[PDB]
Amino acid sequence: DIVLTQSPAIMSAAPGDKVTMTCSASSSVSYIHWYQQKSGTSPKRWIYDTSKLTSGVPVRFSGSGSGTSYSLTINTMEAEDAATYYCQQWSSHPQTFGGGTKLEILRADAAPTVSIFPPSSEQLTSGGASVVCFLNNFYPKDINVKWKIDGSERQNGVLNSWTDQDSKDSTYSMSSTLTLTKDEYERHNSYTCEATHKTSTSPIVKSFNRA
Amino acid sequence: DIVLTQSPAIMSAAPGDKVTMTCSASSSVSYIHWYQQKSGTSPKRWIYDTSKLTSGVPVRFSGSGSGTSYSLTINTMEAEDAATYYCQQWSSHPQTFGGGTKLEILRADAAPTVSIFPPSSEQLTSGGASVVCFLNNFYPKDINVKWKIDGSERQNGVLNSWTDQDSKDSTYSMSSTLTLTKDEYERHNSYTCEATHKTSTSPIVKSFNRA
Amino acid sequence: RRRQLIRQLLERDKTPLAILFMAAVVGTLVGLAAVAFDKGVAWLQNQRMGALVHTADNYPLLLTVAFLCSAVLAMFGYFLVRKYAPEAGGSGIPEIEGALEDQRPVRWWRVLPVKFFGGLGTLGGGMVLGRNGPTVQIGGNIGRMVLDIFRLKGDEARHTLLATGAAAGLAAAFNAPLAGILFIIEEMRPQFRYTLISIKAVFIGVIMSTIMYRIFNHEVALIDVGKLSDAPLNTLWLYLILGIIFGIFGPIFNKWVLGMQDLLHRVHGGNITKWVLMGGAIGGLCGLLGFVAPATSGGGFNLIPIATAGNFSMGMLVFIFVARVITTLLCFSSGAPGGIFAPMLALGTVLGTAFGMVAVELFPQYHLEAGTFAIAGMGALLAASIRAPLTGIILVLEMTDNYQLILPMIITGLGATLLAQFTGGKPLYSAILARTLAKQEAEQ
Amino acid sequence: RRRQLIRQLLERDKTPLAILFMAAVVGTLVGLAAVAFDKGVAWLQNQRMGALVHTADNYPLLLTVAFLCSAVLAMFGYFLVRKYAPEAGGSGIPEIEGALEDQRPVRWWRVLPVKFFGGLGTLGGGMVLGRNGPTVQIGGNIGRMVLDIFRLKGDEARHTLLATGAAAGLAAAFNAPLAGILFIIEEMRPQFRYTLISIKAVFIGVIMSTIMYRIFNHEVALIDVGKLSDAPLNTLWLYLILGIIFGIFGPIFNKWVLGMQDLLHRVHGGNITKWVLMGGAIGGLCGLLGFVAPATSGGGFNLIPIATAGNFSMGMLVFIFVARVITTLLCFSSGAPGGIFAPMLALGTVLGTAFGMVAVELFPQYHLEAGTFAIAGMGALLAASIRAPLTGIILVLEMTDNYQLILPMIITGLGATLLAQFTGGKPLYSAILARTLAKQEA
Amino acid sequence: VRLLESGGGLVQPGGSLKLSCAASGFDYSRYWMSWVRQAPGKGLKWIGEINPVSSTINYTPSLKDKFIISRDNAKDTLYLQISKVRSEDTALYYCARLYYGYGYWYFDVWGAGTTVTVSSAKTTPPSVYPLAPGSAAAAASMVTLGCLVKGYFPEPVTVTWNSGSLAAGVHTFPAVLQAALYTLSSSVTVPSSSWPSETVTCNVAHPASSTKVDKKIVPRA
Amino acid sequence: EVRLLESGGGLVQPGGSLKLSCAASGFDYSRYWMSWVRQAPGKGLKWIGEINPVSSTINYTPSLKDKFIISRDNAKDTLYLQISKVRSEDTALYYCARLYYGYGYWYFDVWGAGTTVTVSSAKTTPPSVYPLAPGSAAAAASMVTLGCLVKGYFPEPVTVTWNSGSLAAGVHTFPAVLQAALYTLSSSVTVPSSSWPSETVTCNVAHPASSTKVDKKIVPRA
Ligand SMILES: [Br-]
Ligand SMILES: [Br-]
Ligand SMILES: [Br-]
Ligand SMILES: [Br-]
Ligand SMILES: [Br-]
Ligand SMILES: [Br-]
Ligand SMILES: [Br-]
Ligand SMILES: [Br-]
């Protein structure tokens, strides 16, 4: 069956800016369709028959192509244009969608507002101890987190979780949670959490001591 | 409004006769319809446009007429044809119905089949006493029931109800229901209903003893 | 000739009230005539069936009373033709067309009875024949009759009332008004010279004719096939393919009826006793095939909706096409009063269904309904065997009411008439007048 | 004659392949042409719309920018037709009927750009005129053009390719392939003599044209009206009475389109400047009406569904018809390129809906829907005035898809083409070619 | 092709209620619907009609909004709303699908009816008592069983035996009204072999209170 | 509007089976082909199958035998999909589509919201809700960040709104992480120095798979 591969797997671009993704095919293919999926919403049909805009799709969108190589384009991007564009064919049976192309807003750098959090008294009585660290609103998405327990690098029981690009500030966030038993938590006093970014060489350390 | 009037309100006939009923109108009407309504049933479109038979109506039925005289005619009436027949016009708004011709059947004699039933256990535990007497499948309709308690004659609290003429055997039925209190029922013993019909000069009399 | 034309333009479309009134009455009678002819063919077909029930246990005696009943009614219709009107054999559209060329007469005192009772014989027996050829030739003479009766003079009247008759004839045969007018305009009229057939009057006939048929036949349609799917642009090329398939088969079909006219004449050589017998044997075979393989006998209107919906196997569609080709030749080439129009709609449906079937498997990206290809192939043998594609198109449109298929129906029809013309093939109503005028001379 | 006839029959319907391959090519061009004419007309109606946006406050300034956008576009068409091709004024169907009789010339090098750009002018300013007269004329000229380009010889090849062009032209103007073929057979062939128009070539032209239209216009249709109810037989006589009204008013309306052609000429006396200045005020009136009451302007296909669905009152239906009777003459009798065909479909639809409403009140026992009489009246003027009811019936049919009304539609149709003949009326497209040949020998 | 109307039952004098007709089996659009009524014992009486697009609505010579006929094609349902209700509207309400022959229109398919009782009383469910023969096994080839449906309001109830299984052999006698309450019985006759060998249950159902009772006829001992 | 509403997904055990149901509203559900397309978490769109209005041709992707059963109920205007012998592969978001075409190259015309199918032997488990208040040596800046930890629930998903979602500005919940057949996520909120502890900031968690509604208040520590 016919394979589609949407080439710029992820990509960013500033507003008012030309954007251009691709759909390639392993055999030749006729008249491709495009859907725009925003996270949480049904895929919207966007462009059909290699070229034809759907009712409501703003005129900044366009597609063209032939044989085994079609593409989608935004003359001047917008904010609302950030989403995932799925190509799909049916010139051959059976139909096939592509892998996706994730279109993200490009913006100016931001650095994390780090918050560190001692395990609640509620969780401790149940026997558990999770220290949470909140690295909030930053660009680009790549970042490193490092945990220190009485000044020493811990890499066990740590789990992180980035959000998807935000709606309002078009930034990121990334929580890091270190979970020990209550018994191992009370053995040490200093819990520090260190964020390394593109926007500095000097990490934003945030710690707390139990005293 | 066109007032329509059906010629005999109630007729009797014996299978094999040629029944004819007639629908007459105050003003002129054209292409009128007939409805058949057997006992306990919704009217059934029987003849339409004066003389056309709804699918499934047996060919023994026929319609005719014009102007103000219209008639329906059963050629060798059968026993199943017992019903009330309605006519209706809609050549003049608002449309209007006739008033009905109840067709009744005449058949060979047929003797009642008497069944006597004592108050039920559940019914005594709420302080009533209904003694029920069934007279099933007699002909003609003329029947006289008679409630004897302990040799005496009873006339207070007796209610009767007859069925319509059955649509296959043309018989009648009836039930007679005597209603007493729990205590009044218990201050007697031997109950009986006496059924008298033209098929028997000695009344049929079913009885039961409280003991 | 500019000054002549300015005079003629101003005197355009002014049909004389006497022709417009008389077209009303020819419509009406041809209407009542056709309605009776249709109620009669039905009544015989039913009694025929209620005899098979009087004999439904003794299966050998069953096949006998299935055979003799058709043979008797067949012979009775063959005989009624050779003994009182012989130009009422076969379709009879050739003869009404000849009558428009003034090359054959309209013996209405003799054909009216012969065509009507003769058809009723062959049609009521369950032979593979239509109502159209009969109500058409009948409708024609009914036009001539009223001409000769009211002794109206002129060419206009004789050609108009002869036309409106033949048109209102086919209208009432198929509850198809537009198809009838178009039939006279595309096919019946004289095709090598001018004509004074007042078209407005042919309308008045058709109107009255169709109104009479409606009075006796509403709430039930000859073909109910329901709204089918649409046809997408990238599917059209498949109907043009299907049309080419009809184009090379249309002329092959005409050759068979003519040769089979010949090949069957070698069995009776004109001898009216050999012939009326051969009719019974042909008729009795359809009455038997009617009982034991009903899709191979009868006029074939009953299996049109069954084939469209997709309820036959591709196997069974093949069987029906062969067997129904064979029986249509045996019945129409023999000369038995009755048409070949109707039988050609069935054969056409039964083909396009088989094509749509294969079309579905090979291309599921198309999301094909195989019944769209049968609606396209219905009017297709009319395109490639009689070359009247505009008529069969509006005819199929009038019967099946699937207008969204107008393009694939056109495309397949042009597909068929073009390949028919190009592969060396003759219109069937015209190649029969030819052999019929060729002998009305070569005997000298 | 029998020797003659037997020889002709055996050789019937054998159109020279040359003519057929050339027919497919005519319709492919008349289609794209017809497609592109229509995309043009819309585009400029949009500018008038979007330029009404920027001036949507000063209500007098608004009324005026629609006057000027329409008046300026109007004039460009009166001029382009006076300066470079006078026979491309009005509809042009008379002119192609003229051509088939070998009584008028086919100046394709001249009329195709005159008609095409002249029409974008009058149509796009929202004048009471349709695409049909333009696309039918354009289409024959297109079929004449290919004749010359390939130097095909004969009277057949000239009369065939000129026809398959005028059919495939009315086809792509209404998505009406049958009503395409029916016009050539019923109205635009030499009406008093046999001719060698190859129907099988007209057909191949209409297919290719229509296939072109469906490539740029599918999924959408010009009139959507629903599926209205059926017509009981005890109801057909109401469809006769309707045709009787159309039958008498059909000719009256012919006198006015003929009469007022002559009275608009008395204005400008034939002078390209008094004339182009007149049609800019006509064309600027239609652009003003198209906003203050748009149902009294434009082609009229917008009000047909609003009308058939019973959405108008009796009053508004009387206004729209009279108002449209007026703006229809003013646009067509001024000579501005554009058909009267479609602006009549709207006329009959409006008249039907009116008759429909009246019946609904007098006969509640008939359970009527006025919409059905709209569908009956829609092709009724095209029967009483241009007198081509078979093409009118099959046209409204192919556009509204209410085939269950084919019987009332045929009964109102005849009821007009009959009572018109009995009140002395004339095929308007031949009362024009008549008058246009009368001065050609005067 | 069915018509199934509901919403009858009891109303207070002067009150209002909304009857409903569910349709199934046919394109409910492209069909006029209508309402006919039948007072107990009397003949038919046309109430109103309504075309498919709800654009046309006609009635019998009635007052301001006595009757109001709606329809909801989205649910194939017809509606009727009587108001300021008096005893003349105590009837059985029929829901008819309209159609024509030559064009003179008729009531094509009728519904089963729903019953409106205009009364000031109370909606009471019935009591179902079994009627088995006295312990006097006077057996013939047949036995007659009964059940006794007493003290319900309003009409009607439906009685069946073994869920229709015994259709033959049944009489349900017409209800009799006393103290503003209805009472009926139902006779069923069966072979002496079929009983008490096989279960015999009587199925009383009173829709005006959405109450069914399946009483089983047990012998006495 | 034209509305495609599918339901029926949830927690199912490997080897089990489920019947998803797409209910139509706003168009003639007949005359349309219907189709099912699913989307594994972190993957592209995948086509299941289709079904024509008269149910006379059903097409399913290359995938096994009685794996999939597509049916439709034109009388109810509902489309059904039965998945058998459910693997982890069948954990995905299942979409309902109405098919059409343009030039005849068929496309997926209008899609539905979707429904989620989770194929795990893990048992449904309610979440423990914990506040994340900042430590006693709080470096009280202009804006303070609060939080709650929604720990160890199954399956997905929870809903975390603050002050009945009034404080919708400046909130992010993070993705849940699965660990030892349980999920954990935390939510954030940033308010002014002047609001907390002045006012009440609250954390509303809802895990409906286990009938859990809980509001946890965030109080300052020490
Ligand atoms: Br013949
Ligand atoms: Br035939
Ligand atoms: Br036939
Ligand atoms: Br024939
Ligand atoms: Br003109
Ligand atoms: Br026009
Ligand atoms: Br137009
Ligand atoms: Br025009």
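Residues numbered from 1 in each chain as written, not as in the entry; some residues may be left out. Chains lettered and ligands numbered in written order. Heavy atoms only, no water.

Per the PDB record, the structure was determined using X-ray crystallography to 3.203 Å resolution.

Per the PDB entry, the recorded name for chain E is Fab fragment, heavy chain, and the organism is Mus musculus.

The name that the PDB entry assigns to chain A is Fab fragment, light chain, with the source organism given as Mus musculus.

Draft legend 1. Summary view of the overall build of chain E. Tallying secondary structure elements over chain E gives 0 helices and 19 strands in all. Across its three principal directions, the C-alpha atoms of chain E cover 65 × 40 × 30 Å. Each of the 221 residues in chain E was classed as buried or not, and the buried ones make up 49%. A separation threshold of at least 6 residues defines the contact pool for chain E, and within that pool the share at least 24 residues apart is 58%. For chain E, the accessible area works out to roughly 10,000 Å², and carbon and sulfur atoms hold 53% of it. With 19 positive and 12 negative side-chain charges, chain E shows a separation of 7 Å between the mean positions of the two kinds. (Helix = DSSP H or I, 4+ residues; strand = E, 2+ residues; numbered from the N terminus. Buried < 20%, exposed > 50% of the residue type's maximum accessible area, 1.4 Å probe, protein only. Contact = heavy atoms within 4.5 Å. Areas by Shrake-Rupley, 256 points an atom, 1.4 Å probe, with all protein chains shown as cover. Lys, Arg positive; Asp, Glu negative; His and termini not counted. Charge placed at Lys NZ, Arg CZ, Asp CG, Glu CD.)

Draft legend 2. Focus on the overall build of chain A. The helix and strand inventory of chain A stands at 2 helices and 19 strands. A compact globule built from 211 residues should have a C-alpha radius of gyration of about 17 Å, whereas chain A, at 23 Å, is more than 25% larger. With the C-alpha coordinates of chain A rotated into their principal frame, the extents come out at 70 × 35 × 30 Å. Expressed as a percentage of the 211 residues in chain A, the buried residues total 49%. Counted over contacts in chain A with a minimum sequence separation of 6, partners at least 24 positions apart contribute 58%. (Rg over C-alpha atoms; globule rule 2.2 N^0.38 Å.)

Draft legend 3. Molecular detail of the state of the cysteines. Per the counting criterion, the structure on display carries 8 disulfides over all chains. The residue that forms a disulfide with A:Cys23 is A:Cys87, at a sulfur-sulfur distance of 2.1 Å. Handedness here is read from the sign of the S-S torsion; for A:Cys23 and A:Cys87, about 65 degrees, the answer is right-handed. One end of the pair, A:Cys23, is in strand β3 (residues 19–25); the other, A:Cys87, is in strand β9 (residues 83–89), with 64 residues separating them in the sequence. Both residues of the pair, A:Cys23 and A:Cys87, count as buried. Disulfide pairing places E:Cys21 opposite E:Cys95 at an S-S distance of 2.1 Å. Across the disulfide from E:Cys21 to E:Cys95, rotation about the S-S bond amounts to roughly -80 degrees, and the bridge is consequently left-handed. Of the two residues, E:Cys21 sits in strand β3 (residues 17–24) while E:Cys95 sits in strand β9 (residues 92–100), which places them 74 residues apart along the sequence. (Disulfide = S-S within 2.5 Å.)

Draft legend 4. Representation of the environment of E:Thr90. All names here are of chain E. The residue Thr90 is located in the loop between β8 (77–82) and β9 in this model. When neighbours within four sequence positions are excluded, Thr90 is seen to be in contact with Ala39, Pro40, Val116, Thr117 and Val118. Engagement of the side chain of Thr90 in a polar contact is seen with the backbone nitrogen of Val118, the distance being 2.8 Å. (Polar contact = N/O pair within 3.5 Å; in protein donor to acceptor, adjacent residues only side chain to side chain.)

Draft legend 5. Fine view of a nonpolar patch on the surface. All names here are of chain D. The grouping of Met314, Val318, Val322, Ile326, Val358 and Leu362 at the surface amounts to a nonpolar patch, some 510 Å² of accessible area in total. Here the nonpolar patch takes 4 residues from helix α13 (residues 314–332), the largest share from any one element. Along the chain, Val322 falls in helix α13. The class of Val322 is partly exposed, set by a relative accessible area of 46%. (Patch = residues over 30% accessible without salt bridge, like charges linked within 9 Å, V, L, I, M, F, W, Y side chains within 5 Å. Salt bridge = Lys/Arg side-chain N within 4 Å of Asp/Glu carboxyl O.)

Draft legend 6. Structural view of the packing of aromatic side chains. All told, the structure shown has 83 aromatic pairs over all chains when counted by the stated rule. Three or more aromatic residues joined by ring pairs make a cluster, and in this case those are A:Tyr48, F:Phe27, F:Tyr32, F:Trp33, F:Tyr100, F:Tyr101, F:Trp106 and F:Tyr107. The ring of E:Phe26 carries E:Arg97 above its face, with NZ or CZ at 4.7 Å from the centroid. (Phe/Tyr/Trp six-rings, centres within 6.5 Å; stacked < 30°, edge-to-face > 60°. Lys NZ or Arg CZ within 6 Å of the ring centre and 35° of its normal.)

Draft legend 7. View of the packing of helix α3 (residues 59–82) of chain C against helix α11 (residues 272–292) of chain C. All names here are of chain C. Here α3 crosses α11 at 140 degrees, and the two axes come no closer than 6 Å. It follows from the interaxial angle that α3 and α11 lie oblique. Handedness of the crossing formed by α3 with α11: right-handed. Split by residue class, the contact of α3 with α11 holds 20 nonpolar, 6 polar and 1 charged. (Axes fitted to C-alpha atoms, helices over the stretch in contact; angles between N-to-C directions. Parallel < 35°, antiparallel > 145°, perpendicular 65-115°, else oblique. Left-handed = near helix turned anticlockwise from the far one by under 90°. Nonpolar A, V, L, I, M, F, W, Y, C, P; charged D, E, K, R; others polar.)

Draft legend 8. How the structure looks around the side chain of F:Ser35. Residues and elements named next belong to chain F. Topologically, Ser35 is positioned in strand β4 (residues 34–39). According to the relative accessible area criterion, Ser35 is buried, its value standing at 1%. Reaching out from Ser35, the side chain makes a polar contact with the backbone oxygen of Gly49 at a distance of 2.5 Å. Beyond its immediate sequence surroundings of up to four residues, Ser35 is in contact with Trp47, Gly49, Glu50, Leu79, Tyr95, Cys96, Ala97, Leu99 and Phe108.

Draft legend 9. Fine view of the sheet that holds strand β19 (residues 211–216) of chain E. Residue and element names in this part refer to chain E. What the 3 strands build is an open sheet, ordered β14-β18-β19; its pairing is antiparallel. Of all strands in the sheet, those with a lone pairing partner are β14 (158–161) and β19, marking the two edges. If you compare each strand with its neighbour and ignore which way they point, the axes differ by 15 degrees on average. Note that β14 and strand β18 (residues 201–206) share 4 bridges and pair antiparallel. By the bridge assignment for β18, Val159 is matched with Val204. (Pairing = 2+ DSSP bridges.)

Draft legend 10. Spotlight on helix α4 (residues 93–100) of chain D. Residue and element names in this part refer to chain D. When you tally the buried positions in α4, you get 8 out of 8 residues, the bulk of the element. What α4 keeps buried is the set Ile93, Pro94, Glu95, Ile96, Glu97, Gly98, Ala99 and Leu100. Elements in contact with the buried residues of α4: α6 (132–150), α7 (155–174), α8 (177–186) and α19 (428–438). One or two steps after α4, the chain reaches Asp102, where phi turns positive at roughly 60 degrees.

Draft legend 11. Here's a closer look at the pattern of salt bridges. Taken as a whole, this structure holds 61 salt bridges over all chains when the rule is applied. In this structure, the salt-bridge partner of C:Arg107 is C:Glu87, at a minimum N-O distance of 3.5 Å. Here C:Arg107 is found in the loop between α4 (93–100) and α5 (108–124), whereas its partner C:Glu87 is found in the loop between α3 and α4, with 20 residues between them in sequence. Classification of C:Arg107 as partly exposed rests on a relative accessible area of 26%. Since its relative accessible area comes to 10%, C:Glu87 is described here as buried. Across the pair D:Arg3 and C:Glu441 runs a salt bridge whose closest N-O atoms are separated by 2.4 Å. Highlighted residues: D:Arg3 in helix α1 (residues 2–10) and C:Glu441 in helix α19 (residues 428–442), drawn from two different chains. On the basis of relative accessibility, which here comes to 26%, the residue C:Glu441 falls in the partly exposed class.

Draft legend 12. View of empty space enclosed by the protein. By the definition in use, this model includes 10 cavities of 30 Å³ or more. Its volume calculated, the largest cavity comes out at about 100 Å³. Taken together, 14 residues form the lining of the largest cavity, with C:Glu97, C:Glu101, C:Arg189, C:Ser430 and D:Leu9 sitting closest to its centre. Secondary-structure elements contributing two or more residues to the lining of the largest cavity are α4, α8 (177–188) and α19 of chain C. (1 Å grid on protein atoms, 1.4 Å probe; cavity = no way out; pocket = protein on both sides within 12 Å on 5 of 7 lines; lining within 4 Å. Points joined across faces, edges and corners; volume = space filled by probe spheres on them.)

Draft legend 13. Spatial organisation of α8(C). When you tally the buried positions in α8(C), you get 12 out of 12 residues, the bulk of the element. Among all positions of α8(C), only C:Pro177, C:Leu178, C:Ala179, C:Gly180, C:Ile181, C:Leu182, C:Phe183, C:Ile184, C:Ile185, C:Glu186, C:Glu187 and C:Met188 are buried.

Draft legend 14. Local environment of the packing of helix α10 (residues 236–268) of chain D against helix α15 (residues 370–377) of chain D. Residue and element names in this part refer to chain D. Contact geometry for α10 and α15: axes closest at 11 Å, N-to-C directions at 45 degrees. Taken together, the axis directions place α10 and α15 in an arrangement best described as oblique. The chirality of how α10 crosses α15 is right-handed. On the side of α10, the interface is formed by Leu238, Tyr239, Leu242 and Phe246, while α15 contributes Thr372, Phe373, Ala376 and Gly377.

Draft legend 15. Structural detail: the pairing of strand β7 (residues 61–66) of chain B. Residue and element names in this part refer to chain B. Two strands pair when backbone bridges link them, and β7 and strand β8 (residues 69–74) are joined in this way by 6 bridges, in the antiparallel orientation. Bridging from a neighbouring strand, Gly65 pairs with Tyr70 of β8. Taking the residues that link successive antiparallel strands as the turn, the β7-β8 hairpin has 2 residues, and the phi of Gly67 there is positive, at about 70 degrees.

Draft legend 16. Representation of the sheet that holds strand β14 (residues 159–162) of chain F. Residue and element names in this part refer to chain F. The strand order β14-β17-β18 describes an open sheet built from 3 strands, whose pairing is antiparallel. On the outer flanks of this sheet lie β14 and β18 (212–217), each paired with one strand and no other. Across the sheet, the axes of successive neighbouring strands diverge by a mean angle of 20 degrees, strand direction being ignored. As paired elements, β14 and strand β17 (residues 202–207) share 4 bridges and run antiparallel to each other. When the sheet's bridge partners are listed, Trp162 is paired in β17 with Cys203.

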